[PDB]
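Peer 1: Next comes run_39.cif, mmCIF, C-alpha atoms and all ligand atoms:
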```cif
data_entry
loop_
_atom_site.label_atom_id
_atom_site.label_comp_id
_atom_site.auth_asym_id
_atom_site.auth_seq_id
_atom_site.Cartn_x
_atom_site.Cartn_y
_atom_site.Cartn_z
CA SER A 1 -12.01 -5.95 -25.21
CA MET A 2 -12.54 -7.36 -21.74
CA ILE A 3 -10.48 -5.97 -18.90
CA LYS A 4 -7.60 -8.47 -18.74
CA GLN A 5 -5.38 -9.57 -15.88
CA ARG A 6 -1.94 -8.00 -15.89
CA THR A 7 1.52 -9.20 -15.00
CA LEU A 8 4.99 -7.75 -15.58
CA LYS A 9 6.35 -7.62 -19.10
CA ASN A 10 9.98 -7.87 -17.95
CA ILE A 11 11.86 -8.76 -14.78
CA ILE A 12 12.51 -5.82 -12.44
CA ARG A 13 15.44 -5.63 -10.04
CA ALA A 14 16.10 -3.17 -7.25
CA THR A 15 18.31 -2.88 -4.20
CA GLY A 16 17.73 -0.99 -0.98
CA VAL A 17 17.48 -1.30 2.78
CA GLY A 18 14.61 -2.24 5.06
CA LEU A 19 13.18 0.77 6.88
CA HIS A 20 12.86 -1.12 10.13
CA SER A 21 15.64 -3.71 9.94
CA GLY A 22 18.19 -1.56 8.11
CA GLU A 23 19.25 -4.68 6.21
CA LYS A 24 20.40 -4.50 2.62
CA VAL A 25 17.91 -6.34 0.43
CA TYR A 26 17.68 -7.31 -3.23
CA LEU A 27 14.16 -7.22 -4.70
CA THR A 28 13.24 -9.00 -7.94
CA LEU A 29 9.79 -8.78 -9.50
CA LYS A 30 8.94 -11.47 -12.04
CA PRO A 31 5.98 -12.24 -14.29
CA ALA A 32 3.55 -14.86 -13.00
CA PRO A 33 0.69 -16.87 -14.54
CA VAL A 34 -2.98 -15.98 -14.51
CA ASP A 35 -4.69 -16.27 -11.10
CA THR A 36 -1.39 -16.37 -9.16
CA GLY A 37 -1.94 -13.08 -7.38
CA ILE A 38 1.03 -11.33 -5.82
CA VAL A 39 3.30 -13.84 -4.06
CA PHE A 40 6.33 -12.91 -1.97
CA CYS A 41 9.24 -15.34 -1.88
CA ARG A 42 12.11 -15.36 0.63
CA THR A 43 14.87 -16.51 -1.71
CA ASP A 44 17.53 -16.30 0.98
CA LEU A 45 15.92 -19.46 2.39
CA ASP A 46 16.24 -22.97 0.99
CA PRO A 47 13.68 -24.27 0.22
CA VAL A 48 12.19 -20.84 -0.33
CA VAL A 49 9.19 -19.69 1.68
CA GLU A 50 6.41 -18.32 -0.52
CA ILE A 51 3.75 -16.09 1.04
CA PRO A 52 0.76 -14.91 -1.03
CA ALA A 53 0.02 -11.23 -0.37
CA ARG A 54 -3.36 -11.98 1.15
CA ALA A 55 -5.17 -10.88 4.30
CA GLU A 56 -5.03 -14.40 5.75
CA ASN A 57 -1.21 -14.24 5.85
CA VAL A 58 -0.94 -10.94 7.76
CA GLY A 59 0.72 -11.49 11.08
CA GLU A 60 2.07 -8.39 12.70
CA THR A 61 0.65 -4.92 12.06
CA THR A 62 2.83 -2.80 14.37
CA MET A 63 4.69 -0.05 12.44
CA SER A 64 4.13 -1.85 9.08
CA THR A 65 2.11 -4.63 7.47
CA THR A 66 3.92 -7.96 7.86
CA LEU A 67 3.18 -11.28 6.17
CA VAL A 68 4.00 -14.45 8.09
CA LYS A 69 4.28 -18.14 7.25
CA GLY A 70 5.94 -20.78 9.38
CA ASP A 71 8.74 -19.12 11.36
CA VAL A 72 9.35 -16.58 8.58
CA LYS A 73 8.13 -13.07 7.78
CA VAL A 74 8.09 -10.45 5.06
CA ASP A 75 7.96 -7.00 6.66
CA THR A 76 6.70 -3.71 5.25
CA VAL A 77 4.76 -4.85 2.20
CA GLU A 78 2.37 -1.89 2.07
CA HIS A 79 4.25 0.57 -0.18
CA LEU A 80 5.10 -2.00 -2.83
CA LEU A 81 1.57 -3.38 -2.73
CA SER A 82 0.26 0.17 -3.11
CA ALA A 83 2.27 0.56 -6.31
CA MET A 84 1.06 -2.78 -7.64
CA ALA A 85 -2.56 -1.90 -6.82
CA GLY A 86 -2.25 1.57 -8.32
CA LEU A 87 -0.95 0.13 -11.60
CA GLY A 88 -3.38 -2.79 -11.74
CA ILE A 89 -0.94 -5.69 -11.45
CA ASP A 90 -2.76 -8.95 -10.73
CA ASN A 91 0.00 -11.55 -10.94
CA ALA A 92 3.64 -11.31 -9.89
CA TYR A 93 6.37 -13.05 -7.94
CA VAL A 94 8.20 -10.71 -5.55
CA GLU A 95 11.56 -12.24 -4.59
CA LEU A 96 13.40 -10.81 -1.58
CA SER A 97 16.84 -11.69 -0.23
CA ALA A 98 15.92 -10.59 3.32
CA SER A 99 12.89 -10.27 5.58
CA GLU A 100 11.88 -6.68 4.66
CA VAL A 101 10.93 -4.96 1.40
CA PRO A 102 13.35 -2.09 0.64
CA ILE A 103 12.01 1.32 1.67
CA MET A 104 13.47 3.18 -1.37
CA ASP A 105 12.60 6.90 -0.90
CA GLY A 106 9.78 6.12 1.53
CA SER A 107 7.03 6.34 -1.10
CA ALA A 108 5.67 4.12 -3.88
CA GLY A 109 7.32 6.33 -6.53
CA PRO A 110 10.45 4.29 -7.22
CA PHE A 111 8.46 1.05 -7.47
CA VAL A 112 5.95 2.68 -9.83
CA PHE A 113 8.77 3.93 -12.03
CA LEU A 114 10.60 0.59 -12.09
CA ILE A 115 7.38 -1.22 -13.00
CA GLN A 116 6.35 1.26 -15.67
CA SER A 117 9.85 1.14 -17.17
CA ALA A 118 9.58 -2.64 -17.45
CA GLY A 119 6.03 -2.45 -18.76
CA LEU A 120 2.94 -4.49 -17.98
CA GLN A 121 1.60 -7.44 -19.97
CA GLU A 122 -2.08 -8.26 -20.34
CA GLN A 123 -2.96 -11.92 -19.96
CA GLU A 124 -5.65 -14.12 -21.49
CA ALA A 125 -8.05 -14.08 -18.55
CA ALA A 126 -10.56 -11.60 -17.23
CA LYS A 127 -9.45 -9.35 -14.40
CA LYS A 128 -11.53 -10.01 -11.28
CA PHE A 129 -12.71 -7.13 -9.10
CA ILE A 130 -14.22 -7.18 -5.63
CA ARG A 131 -17.33 -4.98 -5.60
CA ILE A 132 -18.60 -3.67 -2.27
CA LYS A 133 -22.37 -4.32 -2.07
CA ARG A 134 -23.08 -3.28 1.52
CA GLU A 135 -21.38 -1.01 4.03
CA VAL A 136 -18.85 -2.71 6.33
CA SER A 137 -17.40 -0.74 9.24
CA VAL A 138 -14.92 -1.60 12.00
CA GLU A 139 -13.92 0.56 14.93
CA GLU A 140 -11.52 0.30 17.85
CA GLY A 141 -11.18 3.17 20.29
CA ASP A 142 -11.24 6.42 18.34
CA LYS A 143 -10.21 4.69 15.08
CA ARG A 144 -12.60 3.73 12.29
CA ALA A 145 -12.31 2.11 8.87
CA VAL A 146 -15.27 1.64 6.51
CA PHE A 147 -16.05 0.26 3.06
CA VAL A 148 -19.10 1.71 1.33
CA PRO A 149 -20.61 0.82 -2.06
CA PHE A 150 -19.33 3.19 -4.75
CA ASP A 151 -19.22 2.89 -8.55
CA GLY A 152 -15.48 3.37 -8.94
CA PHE A 153 -12.59 3.46 -6.51
CA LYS A 154 -12.25 6.21 -3.92
CA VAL A 155 -10.18 6.51 -0.73
CA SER A 156 -10.58 9.11 2.01
CA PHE A 157 -8.56 9.49 5.17
CA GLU A 158 -8.43 11.74 8.23
CA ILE A 159 -5.56 11.99 10.69
CA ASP A 160 -5.45 13.96 13.95
CA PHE A 161 -1.92 14.50 15.27
CA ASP A 162 -1.54 16.58 18.43
CA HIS A 163 1.66 18.10 17.10
CA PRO A 164 2.63 21.65 16.05
CA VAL A 165 3.63 20.54 12.53
CA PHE A 166 0.13 19.09 12.02
CA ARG A 167 -2.20 21.50 13.82
CA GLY A 168 -3.81 23.90 11.38
CA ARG A 169 -2.75 21.78 8.37
CA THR A 170 -4.70 19.67 5.89
CA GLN A 171 -5.31 16.45 7.83
CA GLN A 172 -8.15 15.12 5.66
CA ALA A 173 -8.02 14.11 2.01
CA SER A 174 -10.22 12.28 -0.48
CA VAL A 175 -9.07 10.83 -3.81
CA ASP A 176 -11.51 9.60 -6.45
CA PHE A 177 -9.52 7.68 -9.04
CA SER A 178 -11.92 8.51 -11.86
CA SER A 179 -10.48 12.03 -11.75
CA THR A 180 -7.21 11.84 -9.76
CA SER A 181 -4.01 10.10 -10.87
CA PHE A 182 -2.54 7.57 -8.43
CA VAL A 183 0.86 8.08 -10.08
CA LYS A 184 0.90 11.87 -9.87
CA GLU A 185 -1.06 12.59 -6.70
CA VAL A 186 -0.53 9.62 -4.35
CA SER A 187 2.45 7.48 -5.30
CA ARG A 188 5.14 10.04 -4.38
CA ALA A 189 3.87 10.62 -0.82
CA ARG A 190 6.57 9.52 1.61
CA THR A 191 6.29 7.77 4.94
CA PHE A 192 6.96 9.85 8.02
CA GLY A 193 8.10 9.54 11.61
CA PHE A 194 9.33 11.58 14.53
CA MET A 195 12.85 12.51 15.63
CA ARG A 196 11.65 12.32 19.24
CA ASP A 197 11.02 8.57 18.78
CA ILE A 198 14.16 7.48 16.92
CA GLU A 199 16.30 6.29 19.85
CA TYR A 200 13.32 4.39 21.24
CA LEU A 201 12.38 2.85 17.88
CA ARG A 202 15.94 1.71 17.29
CA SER A 203 16.11 0.19 20.79
CA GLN A 204 13.24 -2.03 19.53
CA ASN A 205 14.83 -2.85 16.14
CA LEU A 206 12.48 -0.42 14.40
CA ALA A 207 13.44 2.38 12.00
CA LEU A 208 17.01 1.03 11.95
CA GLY A 209 17.26 2.05 8.29
CA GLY A 210 15.27 5.28 8.65
CA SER A 211 16.65 8.69 7.72
CA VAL A 212 15.71 11.81 5.81
CA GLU A 213 16.71 9.84 2.71
CA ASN A 214 13.66 7.59 3.03
CA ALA A 215 11.16 9.38 5.30
CA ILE A 216 9.85 12.78 6.26
CA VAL A 217 11.45 13.17 9.68
CA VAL A 218 9.43 15.50 11.91
CA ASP A 219 11.15 17.19 14.85
CA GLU A 220 9.32 18.92 17.71
CA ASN A 221 8.41 22.03 15.71
CA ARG A 222 9.63 21.53 12.13
CA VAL A 223 10.25 19.09 9.30
CA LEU A 224 13.95 18.15 9.19
CA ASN A 225 14.12 17.31 5.46
CA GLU A 226 15.95 20.32 4.07
CA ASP A 227 14.42 19.92 0.60
CA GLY A 228 10.88 20.08 1.99
CA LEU A 229 7.65 18.31 1.14
CA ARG A 230 6.35 16.95 -2.15
CA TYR A 231 2.73 17.78 -1.30
CA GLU A 232 1.36 20.18 1.29
CA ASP A 233 -0.81 17.27 2.45
CA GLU A 234 1.94 14.67 2.09
CA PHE A 235 1.23 13.12 5.51
CA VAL A 236 -2.41 12.28 4.89
CA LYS A 237 -1.67 11.35 1.28
CA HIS A 238 0.82 8.80 2.59
CA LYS A 239 -1.90 7.32 4.81
CA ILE A 240 -4.01 6.95 1.65
CA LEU A 241 -1.08 5.24 -0.08
CA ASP A 242 -0.79 2.86 2.90
CA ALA A 243 -4.51 2.12 2.81
CA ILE A 244 -4.38 1.28 -0.90
CA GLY A 245 -1.55 -1.18 -0.29
CA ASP A 246 -3.24 -2.75 2.74
CA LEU A 247 -6.52 -3.03 0.82
CA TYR A 248 -4.73 -4.90 -1.96
CA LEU A 249 -4.32 -7.80 0.45
CA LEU A 250 -7.84 -8.66 -0.69
CA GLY A 251 -6.06 -10.00 -3.77
CA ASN A 252 -8.11 -8.04 -6.32
CA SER A 253 -8.85 -4.46 -7.23
CA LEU A 254 -11.81 -2.89 -5.43
CA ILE A 255 -14.97 -1.30 -6.77
CA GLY A 256 -15.98 0.66 -3.72
CA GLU A 257 -14.98 3.42 -1.38
CA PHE A 258 -12.76 3.31 1.71
CA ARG A 259 -13.00 5.88 4.52
CA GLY A 260 -10.41 5.86 7.31
CA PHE A 261 -10.31 7.88 10.52
CA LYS A 262 -6.97 7.43 12.29
CA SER A 263 -6.81 3.96 10.87
CA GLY A 264 -3.52 2.14 10.55
CA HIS A 265 -2.33 -1.24 9.35
CA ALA A 266 -3.99 -3.15 12.20
CA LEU A 267 -7.46 -1.71 11.72
CA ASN A 268 -7.11 -1.86 7.92
CA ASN A 269 -6.50 -5.59 8.22
CA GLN A 270 -9.43 -6.00 10.64
CA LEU A 271 -11.64 -4.29 8.05
CA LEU A 272 -10.47 -6.75 5.38
CA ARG A 273 -11.13 -9.74 7.62
CA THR A 274 -14.62 -8.46 8.45
CA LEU A 275 -15.38 -7.79 4.78
CA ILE A 276 -14.15 -11.23 3.70
CA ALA A 277 -16.29 -12.87 6.38
CA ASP A 278 -19.40 -10.81 5.48
CA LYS A 279 -19.93 -12.51 2.14
CA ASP A 280 -23.29 -10.77 1.61
CA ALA A 281 -21.35 -7.50 1.43
CA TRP A 282 -19.21 -8.22 -1.63
CA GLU A 283 -19.10 -10.04 -4.95
CA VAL A 284 -16.52 -10.78 -7.64
CA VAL A 285 -17.14 -9.14 -11.01
CA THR A 286 -15.49 -9.00 -14.42
CA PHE A 287 -15.98 -6.70 -17.41
CA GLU A 288 -16.43 -7.98 -20.95
CA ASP A 289 -16.05 -4.39 -22.28
CA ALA A 290 -13.52 -1.99 -20.76
CA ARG A 291 -15.51 0.97 -22.11
CA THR A 292 -18.51 0.30 -19.86
CA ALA A 293 -16.67 -0.40 -16.56
CA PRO A 294 -16.50 2.08 -13.63
CA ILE A 295 -12.69 1.86 -13.45
CA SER A 296 -10.23 2.29 -16.30
CA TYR A 297 -6.51 1.61 -16.44
CA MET A 298 -3.65 3.22 -18.30
CA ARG A 299 -2.25 1.43 -21.33
CA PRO A 300 0.14 -1.33 -20.17
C1 LIG B 1 -7.07 7.71 -15.66
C2 LIG B 1 -6.43 8.21 -14.36
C3 LIG B 1 -6.73 7.32 -13.13
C4 LIG B 1 -6.50 5.81 -13.29
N1 LIG B 1 -6.52 4.93 -12.09
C5 LIG B 1 -7.40 3.88 -12.09
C6 LIG B 1 -7.49 3.02 -11.08
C7 LIG B 1 -6.64 3.21 -9.94
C8 LIG B 1 -6.73 2.26 -8.81
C9 LIG B 1 -5.80 2.31 -7.78
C10 LIG B 1 -5.88 1.42 -6.74
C11 LIG B 1 -6.89 0.47 -6.72
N2 LIG B 1 -6.99 -0.42 -5.66
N3 LIG B 1 -6.20 -0.36 -4.55
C12 LIG B 1 -6.62 -1.35 -3.80
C13 LIG B 1 -7.68 -2.00 -4.48
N4 LIG B 1 -7.90 -1.42 -5.63
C14 LIG B 1 -7.83 0.42 -7.74
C15 LIG B 1 -7.74 1.31 -8.78
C16 LIG B 1 -5.77 4.24 -9.94
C17 LIG B 1 -5.67 5.16 -11.03
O1 LIG B 1 -4.86 6.11 -11.03
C18 LIG B 1 -4.97 8.56 -14.54
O2 LIG B 1 -4.61 9.42 -15.34
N5 LIG B 1 -4.07 7.93 -13.81
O3 LIG B 1 -2.70 8.32 -14.03
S1 LIG B 1 -7.32 9.82 -13.94
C19 LIG B 1 -8.02 10.53 -15.47
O4 LIG B 1 -8.47 9.52 -12.88
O5 LIG B 1 -6.14 10.76 -13.43
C1 LIG B 2 3.62 3.07 10.14
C2 LIG B 2 4.02 4.16 9.15
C3 LIG B 2 5.33 4.89 9.52
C4 LIG B 2 6.59 4.02 9.46
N1 LIG B 2 7.76 4.80 9.88
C5 LIG B 2 8.39 5.59 8.96
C6 LIG B 2 9.45 6.34 9.28
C7 LIG B 2 9.93 6.32 10.63
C8 LIG B 2 11.11 7.13 10.99
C9 LIG B 2 11.20 7.73 12.24
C10 LIG B 2 12.31 8.50 12.56
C11 LIG B 2 13.34 8.66 11.65
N2 LIG B 2 14.48 9.41 11.96
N3 LIG B 2 14.63 10.06 13.15
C12 LIG B 2 15.82 10.63 13.05
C13 LIG B 2 16.38 10.31 11.79
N4 LIG B 2 15.54 9.55 11.12
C14 LIG B 2 13.25 8.05 10.41
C15 LIG B 2 12.14 7.30 10.08
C16 LIG B 2 9.31 5.55 11.55
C17 LIG B 2 8.17 4.75 11.19
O1 LIG B 2 7.57 4.02 11.99
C18 LIG B 2 3.98 3.74 7.71
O2 LIG B 2 4.16 4.51 6.73
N5 LIG B 2 3.72 2.45 7.54
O3 LIG B 2 3.67 2.09 6.15
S1 LIG B 2 2.71 5.46 9.43
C19 LIG B 2 3.17 6.96 8.50
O4 LIG B 2 1.34 4.87 8.90
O5 LIG B 2 2.68 5.84 10.95
CL CL B 3 -4.71 0.66 13.47
ZN ZN B 4 3.54 3.78 4.89
ZN ZN B 5 -23.80 -9.66 6.00
#
```
Would you write the structure of this file as C-alpha cells?

Peer 2:
Amino acid sequence: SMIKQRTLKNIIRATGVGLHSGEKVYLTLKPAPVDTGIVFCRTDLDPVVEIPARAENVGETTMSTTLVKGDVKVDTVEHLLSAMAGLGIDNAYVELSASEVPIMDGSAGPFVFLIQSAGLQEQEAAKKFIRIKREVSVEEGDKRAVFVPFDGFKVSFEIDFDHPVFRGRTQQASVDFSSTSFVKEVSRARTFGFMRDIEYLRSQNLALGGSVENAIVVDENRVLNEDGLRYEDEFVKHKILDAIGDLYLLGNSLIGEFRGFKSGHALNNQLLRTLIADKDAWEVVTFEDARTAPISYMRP
C-alpha cells in the first residue's frame, strides 16, 4: 500500500518535571486528524493556546527549542519531537499543563516507550515527505549545519568540547536509518550538562529541574552519574537526537542528510528557515508503494 500518515492509536499520559523550570507537568498525547501535524496545547490556559510544532513558531533557542505564540511559550520540545519523528507520527495533539515538556530521563526513551505501548494508527491519507533536492548550508562562527540530497535519512554530528571528559573520546557520529535503529541506537541518549554551571544556570531559571536522574552531569574530570553511560558516544548521540527533533519542526519526515558541526538549537532553526525559503532546494513527495520508497517504518 501507500505510505500512510500516522497518529496515535490511544491516548498517552505522562507526568514529570520541566528540566529548566523544575515545574511539575502533566503531558497528554491524543490522536489528531489527517494533515494536523503535531500541535502543542497549553491546557492550563483558558481559552487554550495551541502552537503547531513548526519552524515559524520557534521563539527562543537558548538551552532548548521553545515554541511561542502570543505571550505564551512551550519550552524544550526537542526530545519529544525527536521521538515522534523517529516513530513516524504525523498528527497528534500534545497537551501540557505547564510551559515546559517533562524531561523524563533526559532522553527520548520514555516517550518512545509510551507511544509504542499505545500503538500507532495509520490514516487514510498519504504521508508527505520533504525531499532535499539541493545542498543548503548555514554557518555562524565556527558552527555549521547542512542539508544535502540523500536517498534515505541520515544524520551526522561533530562536537568539540575543550574538556577532559571529552578529549580523546568519540566526538563524531553518523547514523544512516536504513541500517541503524532510532529506537535502539539514538532514542536512549540522554541530555547532558556541567556541574560547574549549575549554580549559574539556576540563577537564570535554567536547569531548575536538572539532576543525575534526568541528565548526564559532567564534573570537572568525571561523569557524576554513578550508573554510568548508556553509550560510549552518548554525548554526540544526544546531539543527533536533538537534531532529529529540531528538524521535525519542518512538519514532515525528511528524505535527505543532515550534517552538523557544533550546531545547536539556534543554528538548527536557522537551517530550517533557510531551507524553507529556498524553495528550489526541496519538494514534497509521497509514495504509492511502501516497497519502493527510500525510507521504511516499523509496523504501527
Ligand atoms: C528498520 C530500522 C530503521 C527504521 N527507521 C526509519 C526511519 C527513521 C526516521 C527517523 C527520523 C526521521 N526524521 N527526523 C526528522 C525528519 N525525519 C525520519 C526517519 C528512523 C528509523 O529507525 C529499524 O529497525 N528501526 O528500529 S533499521 C533496519 O535501519 O534498524
Ligand atoms: C541544550 C542541551 C542541554 C540542556 N541541559 C541539560 C542538562 C543540564 C544540566 C546541568 C547541570 C545539572 N546538574 N548539575 C548538578 C546537578 N545537576 C543538571 C542538568 C543543563 C542543560 O542546559 C540539550 O540537550 N537541549 O535539548 S545540549 C546537550 O544540546 O547542550
Ligand atoms: Cl546553535
Ligand atoms: Zn537535548
Ligand atoms: Zn535556491

Peer 1: Within 6 Å of ligand LIG 1 (chain B), counting only C-alpha atoms and all ligand atoms: which residues, as a list in words?

Peer 2: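 Counting only what the definition allows, namely only C-alpha atoms and all ligand atoms, the set is residues 85, 86, 153, 177, 178, 179, 180, 181, 182, 183, 244, 247, 248, 253, 254, 295, 296 and 297 of chain A.
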
Peer 1: Around ligand ZN 5 (chain B), which protein and nucleic acid residues have at least one atom no more than 12 Å from it, if we count only C-alpha atoms and all ligand atoms? List them as a list in words.

Peer 2: residues 132, 133, 134, 135, 136, 137, 274, 275, 276, 277, 278, 279, 280, 281, 282 and 283 of chain A

Peer 1: Could you tell me which of A:35, A:78, A:160, A:234 comes closest to ligand LIG 2 (chain B) if we count all atoms listed in the file?

Peer 2: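 Counting all atoms listed in the file, the residue closest to ligand LIG 2 (chain B) is A:78.
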
Peer 1: Which one is closest to ligand LIG 2 (chain B): A:73, A:188, A:20, A:154? Count only C-alpha atoms and all ligand atoms.

Peer 2: A:20

Peer 1: Can you pull out every residue with an atom within 9 Å of ligand LIG 2 (chain B)? Use all atoms listed in the file and format it as a PyMOL selection string.

Peer 2: chain A and resi 19-20+61-65+76-79+106-107+190-199+201+206-219+224+235-236+238-239+241-243+245+263-265

Peer 1: Dump the neighbourhood of ligand CL 3 (chain B) as an MDAnalysis selection string: all residues within 10 Å, distances computed on only C-alpha atoms and all ligand atoms.

Peer 2: chainID A and resid 61:63 139:145 260:270

Peer 1: Between A:49, A:175, A:25, A:114, which one has atoms that come closest to residue 84 in chain A, using only C-alpha atoms?

Peer 2: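 Once distances to residue 84 in chain A are computed over only C-alpha atoms, the minimum belongs to A:114.
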
Peer 1: Can you tell me, as number ranges by chain, which residues sit within 8 Å of (8.8, -16.2, 5.6) in the file's frame, using only C-alpha atoms?

Peer 2: A: 41-42, 49-51, 67-74, 99

Peer 1: Measuring atom to atom with all atoms listed in the file, identify which of A:9, A:237, A:230, A:163 is nearest to ligand ZN 4 (chain B).

Peer 2: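 Ranking A:9, A:237, A:230, A:163 by distance to ligand ZN 4 (chain B), first place goes to A:237.
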
Peer 1: Identify which of the residues A:98, A:32, A:87, A:81 lies closest to ligand ZN 4 (chain B), counting all atoms listed in the file when measuring atom-to-atom distances.

Peer 2: A:81

Peer 1: I'd like the neighbourhood of residue 96 in chain A as a PyMOL selection string, where a residue qualifies if any of its atoms comes within 6 Å (using only C-alpha atoms), though same-chain residues fewer than 3 positions away should be ignored.

Peer 2: chain A and resi 26-27+42-43

Peer 1: So which one's closest to ligand ZN 4 (chain B), A:125, A:250, A:101, A:118? Using all atoms listed in the file, please.

Peer 2: A:101

Peer 1: To one decimal place in Å, what is the distance between CA of residue 121 in chain A and CA of residue 4 in chain A?

Peer 2: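 These atoms are spaced 9.3 Å apart.
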
Peer 1: Would you compute the distance between CA of residue 231 in chain A and CA of residue 148 in chain A? Give it in Å to one decimal.

Peer 2: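 Going from CA of residue 231 in chain A over to CA of residue 148 in chain A covers 27.2 Å.
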
Peer 1: Would you mind reading off the distance between CA of residue 122 in chain A and CA of residue 8 in chain A, one decimal, in Å?

Peer 2: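 So the two atoms, CA of residue 122 in chain A and CA of residue 8 in chain A, lie 8.5 Å apart.
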
Peer 1: Extract, using all atoms listed in the file, all DNA, RNA and protein residues at most 12 Å from residue 34 in chain A, discarding same-chain residues fewer than 3 positions from it, and format them as an mmCIF file with C-alpha atoms, in the frame of the given file.

Peer 2:
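So around34.cif came out as:
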```cif
data_model
loop_
_atom_site.group_PDB
_atom_site.id
_atom_site.type_symbol
_atom_site.label_atom_id
_atom_site.label_comp_id
_atom_site.auth_asym_id
_atom_site.auth_seq_id
_atom_site.Cartn_x
_atom_site.Cartn_y
_atom_site.Cartn_z
ATOM 1 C CA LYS A 4 -7.600 -8.470 -18.740
ATOM 2 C CA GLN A 5 -5.380 -9.570 -15.880
ATOM 3 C CA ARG A 6 -1.940 -8.000 -15.890
ATOM 4 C CA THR A 7 1.520 -9.200 -15.000
ATOM 5 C CA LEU A 8 4.990 -7.750 -15.580
ATOM 6 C CA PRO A 31 5.980 -12.240 -14.290
ATOM 7 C CA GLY A 37 -1.940 -13.080 -7.380
ATOM 8 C CA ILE A 38 1.030 -11.330 -5.820
ATOM 9 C CA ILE A 89 -0.940 -5.690 -11.450
ATOM 10 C CA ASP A 90 -2.760 -8.950 -10.730
ATOM 11 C CA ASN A 91 0.000 -11.550 -10.940
ATOM 12 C CA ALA A 92 3.640 -11.310 -9.890
ATOM 13 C CA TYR A 93 6.370 -13.050 -7.940
ATOM 14 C CA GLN A 121 1.600 -7.440 -19.970
ATOM 15 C CA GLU A 122 -2.080 -8.260 -20.340
ATOM 16 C CA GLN A 123 -2.960 -11.920 -19.960
ATOM 17 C CA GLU A 124 -5.650 -14.120 -21.490
ATOM 18 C CA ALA A 125 -8.050 -14.080 -18.550
ATOM 19 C CA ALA A 126 -10.560 -11.600 -17.230
ATOM 20 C CA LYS A 127 -9.450 -9.350 -14.400
ATOM 21 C CA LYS A 128 -11.530 -10.010 -11.280
#
```
